[PDB]
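**Q** Residue numbers (the working numbering), protein chains in the order written: chain U, 3 to 198; chain X, 838 to 955; chain W, 31 to 136.
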Amino acid sequence: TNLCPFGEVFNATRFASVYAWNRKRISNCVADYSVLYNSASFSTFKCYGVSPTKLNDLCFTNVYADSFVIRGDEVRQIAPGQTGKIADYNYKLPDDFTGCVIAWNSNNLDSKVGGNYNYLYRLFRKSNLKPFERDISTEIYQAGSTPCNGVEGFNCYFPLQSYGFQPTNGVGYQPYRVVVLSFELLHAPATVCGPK
Amino acid sequence: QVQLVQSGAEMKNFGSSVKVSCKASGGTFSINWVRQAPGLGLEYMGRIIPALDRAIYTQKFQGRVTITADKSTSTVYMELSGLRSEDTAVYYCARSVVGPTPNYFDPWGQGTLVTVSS
Amino acid sequence: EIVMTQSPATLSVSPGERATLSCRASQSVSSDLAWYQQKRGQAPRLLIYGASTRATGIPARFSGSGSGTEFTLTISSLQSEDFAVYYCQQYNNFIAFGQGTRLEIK
Ligand SMILES: *[C@@H]1O[C@H](CO)[C@@H](O)[C@H](O)[C@H]1NC(C)=O
Numbered sequence: 003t004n005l006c007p008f009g010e011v012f013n014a015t016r017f018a019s020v021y022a023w024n025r026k027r028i029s030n031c032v033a034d035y036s037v038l039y040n041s042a043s044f045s046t047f048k049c050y051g052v053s054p055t056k057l058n059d060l061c062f063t064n065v066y067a068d069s070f071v072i073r074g075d076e077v078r079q080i081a082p083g084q085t086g087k088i089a090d091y092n093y094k095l096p097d098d099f100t101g102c103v104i105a106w107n108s109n110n111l112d113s114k115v116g117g118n119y120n121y122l123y124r125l126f127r128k129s130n131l132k133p134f135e136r137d138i139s140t141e142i143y144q145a146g147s148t149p150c151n152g153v154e155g156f157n158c159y160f161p162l163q164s165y166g167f168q169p170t171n172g173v174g175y176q177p178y179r180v181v182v183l184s185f186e187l188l189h190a191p192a193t194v195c196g197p198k
Numbered sequence: 838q839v840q841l842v843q844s845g846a847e848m849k850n851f852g853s854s855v856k857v858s859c860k861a862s863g864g865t866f867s868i869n870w871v872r873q874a875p876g877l878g879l880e881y882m883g884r885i886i887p888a889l890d891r892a893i894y895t896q897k898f899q900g901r902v903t904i905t906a907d908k909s910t911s912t913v914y915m916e917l918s919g920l921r922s923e924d925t926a927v928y929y930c931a932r933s934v935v936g937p938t939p940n941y942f943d944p945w946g947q948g949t950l951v952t953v954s955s
Numbered sequence: 031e032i033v034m035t036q037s038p039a040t041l042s043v044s045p046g047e048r049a050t051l052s053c054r055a056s057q058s059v060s061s062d063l064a065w066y067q068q069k070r071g072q073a074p075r076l077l078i079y080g081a082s083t084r085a086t087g088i089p090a091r092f093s094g095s096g097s098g099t100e101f102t103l104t105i106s107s108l109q110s111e112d113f114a115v116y117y118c119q120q121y122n123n124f125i126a127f128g129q130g131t132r133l134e135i136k
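Rendered as structure tokens:
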């Protein structure tokens, strides 16, 4: 039927940081994944639970497009079962995951000369983040016996740490925006289907 | 190069509150509060992230210091309700990369001298 | 409760090729030091945002060094202007300012 809003997700000039990932509900769209699959801009297109070529002709119950930014090294933290600081704390894709994670180098897009620190991750947390959830809580973390009393002190830390993104650095430090196309809820009539 | 410009009241009487704010350049860089007693070691009061508007204080300065953020001009204010005779200390506005600890103060602010008249 | 004790607080050197400054910690520091140049009647400026990686400005001839408990700073070109109070700073655990090391022309 109507045209898909898929362009807005990929072409959005701004992606929120990984700790608070923007989740875009998708409805009334035409599943035109042919352009995406034929695109040579996407460095990583590793789909889990579905084949990349089958995306063009398939009916999707509901699509959630969660987008964020990750450092150049360890872009594959998003892959289910992969444990790391950003994976365990900021965004944890559930081990049983049904969707395609697509990520590409955004150094020319999301990196500024001298550093762009707008994207930041929660380095410290009391417990590992529950799967597919967001915790924007920014209280002072307590790493000591003394109660921090909501106050930053010795053995007390802020949870969020900013990324180091420099255009000069190569594959080590480059903004690699990730768009996790989690879909196929299988809970309602499908509003997304392949073109006919 | 150019320090973050800050404005603050000077020579307030006892019991008054000084409101000092600095203009952030722009971004998610945290703004941290550094108190320097005259001819003594520097001290750290707290911080507030401008983007997230999160309040951070120190056990030494809990309650006495209050920090507010004005998003329109991207300025973060500092109100100090209780003033003491020894509290006549310059309060520095420092921009640092937001981290679990206040990172390197790159760069510092102008620096506002405050004196107390008993 | 980490205090950045500085042993040569009154360190003083006449202009020369070599200058030595020191900084110590009560507990282990994972090379998260910083040096701030606080000139007389001036706002401080960052010098070594890393443990030894000098700043993006013009800290030419200024070189951090050391890791762990012991830290040191050396400068090849001791000009008159750069003479100031250098405040060792540690943020491995919490923001902890050293008492400060004045530098004099003695
Ligand atoms: C918008 O997205 C399409 C793919 O959906 C892409 O071909 C095009 O280059 C994008 N334009 C911009 C300005 O990002």
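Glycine included, every Cβ here is placed at the ideal spot set by N, Cα and C.
Only counting the same chain, and skipping five residues up and downstream in sequence, which positions put a Cβ closer than 7 angstroms to that of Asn109(U)?
**A** The residues are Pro169, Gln176, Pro177.
**Q** Starting from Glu10(U), trace the alpha helix (DSSP H) in both directions and tell me its first and last residue.
**A** From DSSP, the alpha helix (DSSP H) with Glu10(U) extends over 8 to 13.
**Q** For the stretch 53 to 86 of chain W, list the beta strand (DSSP E) runs that are entirely contained and at least 3 residues long, ordered along the chain.
**A** Counting only runs of 3 or more, we get 63 to 68.
**Q** With a threshold of 16 other CB atoms inside 10 Å of the CB of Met848(X), please say whether the residue is buried or exposed.
**A** The residue in question, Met848(X), is exposed, as its Cβ has fewer than 16 Cβ neighbours within 10 Å.
**Q** Quick check on DSSP: helix, strand or coil for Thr55(U)?
**A** Correct three-state label for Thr55(U): helix.
**Q** Tell me where the beta strand (DSSP E) around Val37(U) begins and ends.
**A** First-last for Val37(U): 36 to 40, but that is the alpha helix (DSSP H), not the beta strand (DSSP E).
**Q** Which residues have their C-beta within less than 6 angstroms of a heavy atom of ligand 1, listed in chain order?
**A** Taken from the N-terminal end onward, the list reads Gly9(U), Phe12(U), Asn13(U), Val37(U).
**Q** Roughly how many angstroms separate the alpha carbons of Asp112(U) and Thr15(U), rounded to a whole number?
**A** Spanning the two alpha carbons is a distance of roughly 9 angstroms.
**Q** Contact criterion: CB-CB distance below 9 angstroms. Does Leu76(W) meet it with respect to chain X?
**A** So yes, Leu76(W) belongs to the interface.
**Q** Please identify, using Cβ separations under 7 angstroms, the residues of the stretch 845 to 860 of chain X that lie next to chain W, in order along the chain.
**A** Within the stretch 845 to 860 of chain X, no residue qualifies.
**Q** Output the distance between the C-alpha atoms of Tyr914(X) and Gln840(X), rounded to the nearest integer angstrom.
**A** Their Cα atoms are separated by approximately 17 angstroms.
**Q** Residue range of the alpha helix (DSSP H) that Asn110(U) falls in?
**A** Taken as a continuous stretch (DSSP letters only), the alpha helix (DSSP H) holding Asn110(U) covers 109 to 112.
**Q** Would you mind telling me which residues of chain U sit closer than 7 angstroms to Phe866(X), beta carbon to beta carbon, in chain order?
**A** Chain U residues near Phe866(X): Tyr119.
**Q** Are any of the Cβ atoms in chain C nearer than 9 angstroms to that of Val839(X)?
**A** Although the question refers to chain C, the structure presented lacks it and instead comprises the protein chains U, X and W.
**Q** Residue range of the beta strand (DSSP E) that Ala931(X) falls in?
**A** It spans 927 to 933 - the beta strand (DSSP E) in which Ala931(X) sits, taken as one unbroken run.
**Q** Are there three or more Cβ pairs, one per stretch, closer than 8 angstroms when the stretch 859 to 874 of chain X is compared with the stretch 897 to 917 of chain X?
**A** Flag = yes, the stretch 859 to 874 of chain X and the stretch 897 to 917 of chain X touch.
**Q** Among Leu108(W), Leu51(W), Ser93(W), which residue has its Cα nearest to the Cα of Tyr117(W)?
**A** Cα-wise, what sits closest to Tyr117(W) is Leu51(W).
**Q** Looking only at DSSP bridge pairs, what is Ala67(U) linked to?
**A** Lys26(U), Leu183(U), per the DSSP bridge assignment.
**Q** Quick one: Cα of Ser61(W) to Cα of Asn940(X), how far?
**A** Approximately 13 angstroms, taken between the alpha carbons.
**Q** Quick one, which residues of the stretch 7 to 38 of chain U are near chain X if we go by CB-CB under 7 angstroms, in chain order?
**A** Cβ contacts with chain X: none found.
**Q** Roughly how many angstroms lie between the CA atoms of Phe44(U) and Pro54(U), to the nearest whole one?
**A** Roughly 12 angstroms separates the two Cα atoms.
**Q** Do the CB positions of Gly878(X) and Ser858(X) come within less than 9 angstroms of each other?
**A** No; because the gap between Cβ atoms is not below 9 angstroms, this pair is not in contact.
**Q** Between residue 989(X) and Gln843(X), is the Cβ-Cβ spacing less than 9 angstroms?
**A** Past the edges of chain X, shown from 838 to 955, lies residue 989(X), and the structure says nothing about it.
**Q** Output yes or no for whether 9 angstroms exceeds the beta carbon distance between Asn30(U) and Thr148(U).
**A** Their beta carbons are not under 9 angstroms apart, which means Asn30(U) does not touch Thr148(U) by this criterion.
**Q** By the three-class DSSP mapping on this structure, what secondary structure does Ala89(U) have?
**A** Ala89(U): helix per DSSP, three-state reduction.
**Q** Is it true that the CB of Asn122(W) sits closer than 9 angstroms to the CB of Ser58(W)?
**A** Yes.
**Q** Just to confirm before moving on: does the CB-CB distance between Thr865(X) and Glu154(U) stay below 9 angstroms?
**A** No, they are not a contact pair.
**Q** Between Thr912(X) and chain W, is there a C-beta pair that is closer than 9 angstroms?
**A** Not closer than 9 angstroms to any Cβ of chain W, the Cβ of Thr912(X) fails to qualify, so no.
**Q** The stretch 911 to 944 of chain X: which residues have C-beta closer than 8 angstroms to a C-beta of chain W, in chain order?
**A** The stretch 911 to 944 of chain X vs chain W, Cβ under 8 angstroms: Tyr929, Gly936, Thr938, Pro939, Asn940, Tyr941, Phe942, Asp943, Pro944.
**Q** Compile a chain-ordered list of the residues in the stretch 151 to 168 of chain U whose CB is closer than 9 angstroms to at least one CB of chain W.
**A** Here the close residues are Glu154, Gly155, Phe156, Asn157, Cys158, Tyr159.
**Q** Can a CB atom of chain W be found closer than 9 angstroms to the CB of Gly174(U)?
**A** Answer no: the Cβ-Cβ gap between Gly174(U) and chain W never drops below 9 angstroms.
**Q** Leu122(U) bridges to which residues according to DSSP?
**A** Partner(s): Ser164(U).
**Q** Can you tell me whether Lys908(X) is buried or exposed, with buried defined as 16 or more other CB within 10 angstroms of its CB?
**A** Label assigned to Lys908(X): exposed.
**Q** Check distances from the C-beta atoms of the stretch 873 to 904 of chain X to those of chain W and list, in chain order, the residues that come in under 8 angstroms.
**A** Cβ contacts with chain W come from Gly878, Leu879, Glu880, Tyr881.
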